[PDB]
């Protein structure tokens, strides 16, 4: 809940898992841009903007 | 807006049915009044038989009209006498022709007209008998007509039916109110052909529901009789 | 003791046929 | 979760009867009607008022809409 | 004063009619089932008999007769000490976890 | 050939709902006719005059048919 | 007690019970159809294409 | 030798499902609706199959095919009206089931509650989609409005309405894809219902009291089969009353008219079981906020397990909560009535106020009332 | 089954409807097929019981 | 569309107008063919290795 997650060791777990979850987020964002062929992002990246 | 009254139709009863003689008279009204401008394509002369006409009368009625259908050996659309297979004739070849013919307005399909307007027959009847003179302060463009019941207070249809507008086959007077009643009940039959059957559908079920409900419930209570009479006692040491 | 318990009277629920303590229920069992 | 080890209970004595020896409708109206009135009295004060306020607001909305459609003498 | 409102609410609650004490009506979460397991034999047996009788009554939809209803002053919070102990132990474990 | 509807309508004219409706309609008639250019169209009290008259008629007419 | 002999002769066996249901279904459909239909044209006498076809 | 009932795999599953499954004795009629829903599912699906056997999904034949079913097909009108009023009765039973779940704290079965919310979503989608199939004026126009509501979604939203429509607007492609999805979805509903029953059967049903009924459990087959039979019979009584005496009662007459995209109907309205959330949509001025409120009006059911704070699971012993629940029910009735009416004075203000009161009761009044409830009982 | 007449308008529609409904029945029957298969295990090529090498 | 007057034209529209419609149509047909191939092979396996004793 609110207080039971508000502990020192819980923020320690949060700090430990920030990198993996944060770059899982990057994995998801890159996968979404890839799957949708998002021209807003894919235009800037090199060697792929040629597909447009 | 002004909606329709609640006329005591002969078929408005919970287990009542339409008067089929009036169905036949209303169909005559449809033939010789509005069949020249209105279409009822969803119904056919086959539906007529057994509820308002016999087989021979239906055959004669069908052959009284001419329907153009089929490509011949040369491919031309040939006209032949209508038969029981054919649906009701469409007065205008294509809808745009109908609009251009009358005033640009389209006569709605009379097949589902009663089941489509909020109020049912009581609406349409009220319209047909509701042809009034425009009130003070309301102008009328030459070609339109004033009807309080029609949304917009201005209908694009000339007064269809009036006194002696027809001659019923039976011999009942062709006065305007009677014609309106007959045509409205015929349109109710056309919109909901199953009406009579539905009523006969319901009555049996109702009597059936007067027999299954008191039984099954009893059976349930019978099967509950063990629990509802169950008695308990606490005997701690 | 176990002998100190008795089935409470159900006379409010028994059918009219099986209601008296001096008729075998087999006679009216078929009817019920 | 099935019959045989649902829970633990002791010193409970229960009786019942065959469905073929007792009436299926034991005084269905002698105590049924008083029971219905008792439950109705128990639940009426907490059930009705939310529906009655809906009745009033429905009537007021309908009448006010009709009045608004009427002309307002101008 | 408030005790009149409390008594009115106890009368209007309903579980007094069914011959249930207050602790018979509490939702059975993890703490509650653990506390129920922690109950002594006699209290647990009376509790289960009371609950079974209440379920019978609401199955038949017959409220228990007027005179032997659970009075306000006769209502005993038997579960309360065990539930308080269970909650305290759980809170202590959670504080240790944090 | 006279109509059942016209005579039923005439008999339904002489009931007090339609009497007040006719008075209101005549007042609007004179008001709108007197005023040269006014959007005030006597449609609405005409609709109430109808709503009285057609209901009175529908209660009786079908027996005359 | 008619019910006693009825049960002892045609209800005890489930096979004869099912025969009773199946056979009685014939005549119940018969009688119920006829009674309900008769009620139906009694309420609607003269308005169906069964009491006026002789006219045409 | 062992019982075929509880040794054969299929028969063992059926036995543990609804033959020898322990059930609370004091289960009231409010639970019967569950089985009714299943019945109202099957009675739907079968009928749908027959309708699908005389329906030609096309903008040139949809209305004509439905008319042909109604008139010409032997006993086709009965199937058609059976289908329509069965969908209406399905939604009646669904709403009553949700009300029961709210009332007696049945949302403490979190997994079953969430699966039920998913089922409810799927049922609304199925009914909205199916109402398009007759291709009447109301069908097409309402479909245009509801699908165009997705244009309010930022960025992708506009493209989505082009994707769902299969083009620039609701046309034949939309009709046929709606037909296909309307066919497939009820079987997904059946699978989700099986999962929902599995989750419930793991823990067992909840009695009206809210106390665990493990001490008093009765077998399902001898009792809770015939009771459900009686419930289904009563449901059939109502449903055939609707079909056989007032067929087009709830349905708008404007459907019985060919879908003409050249004429907007006088009032565009969805079904009576859709008017409450559509009125919620109407209440919020912002377009995107309207869709958010519309989806939240049903998604709020998932929050209910979290918002419970009273120590009693059910509501039999919480009269204040009972009054709040009935206020909520009256508010939903007001939402439906407002959705029926046009967005004019005073319907605008009434709809807005009732829309606020809906969320205010669910999120605020119920938990605060539960806190006062616990405080009033020494705990 | 064939709608009377010949293979005509009604036949196509009912064939489409049955074509649509049937594969879901196939899915249910396949689930039952696996359910019946599982408690027996599977038949290895040798035909001997493979309970010692699962 | 299942109507007889426009079923074949609908199929041609699927194969000719819909985005990648021909892929779906021919995948469906040849997938049915492969379904029957695999079904015959499966029945052959069951008959061969004695699985029909299940």
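When the chains are written out, they are named A, B, C, D, E, F, G, H, I and J in that same order, and each has its own residue count from 1.
Just so we're on the same page, a contact is a pair of C-beta atoms (placed from the backbone, for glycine too) under 8 Å apart; a residue touches a chain by one contact, two chains touch by 3 or more.
Heads up on the chains, UniProt names are A = Cytochrome b-c1 complex subunit 10; B = Cytochrome c1, heme protein, mitochondrial; D = Cytochrome b-c1 complex subunit 8; E = Cytochrome b-c1 complex subunit 7; F = Cytochrome b-c1 complex subunit 6; G = Complex III subunit 9; H = Cytochrome b.
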Lowest number of touching-chain links that must be crossed from chain G (Complex III subunit 9) to chain I: 3
Least step count from chain E to chain F, where 1 means the two chains touch: 2
Chain pair with the higher count of C-beta pairs in contact (B-H, C-G): B-H
Distance between chain centroids, defined by C-alpha means - chain G (Complex III subunit 9), chain J (Å): 51
Computed distance of Cα centres, chain G (Complex III subunit 9) from chain D, in Å: 38
Interchain centroid distance [CA atoms averaged], chain B/chain F, Å: 29
Whole-Å gap separating chain D and chain I, where each centre is the average of the chain's CA atoms: 48
Two or more partner chains touched - positions in chain C: 5, 8, 10, 13
Multi-partner residues of chain A (each touching 2 or more other chains): none
Residues of chain E engaged with two or more neighbouring chains: 45, 48-49, 52, 56, 59
Inter-chain touch pairs (all): A-E, B-C, B-D, B-E, B-F, B-G, B-H, C-D, C-G, D-E, D-F, D-H, E-H, H-I, H-J, I-J
Chain H (Cytochrome b)-facing residues of chain J, complex: 1-3, 6
Chain E-facing residues of chain H (Cytochrome b), complex: 24-27, 105, 108, 207-213, 215-216, 311-313, 316-319, 376-379
List of chain D residues in touch with chain H (Cytochrome b) within their complex: 1-3, 6-7, 9, 46-47, 49-51, 53-54, 57-58, 60-61, 64-65, 68
Touching residues on chain I, where the partner in the complex is chain H (Cytochrome b): 10, 13-14, 16-18, 20-21, 24, 32, 35-36, 39
In the complex, chain C residues that touch chain D: 5, 7-8, 10, 12-15, 18, 25, 29, 32
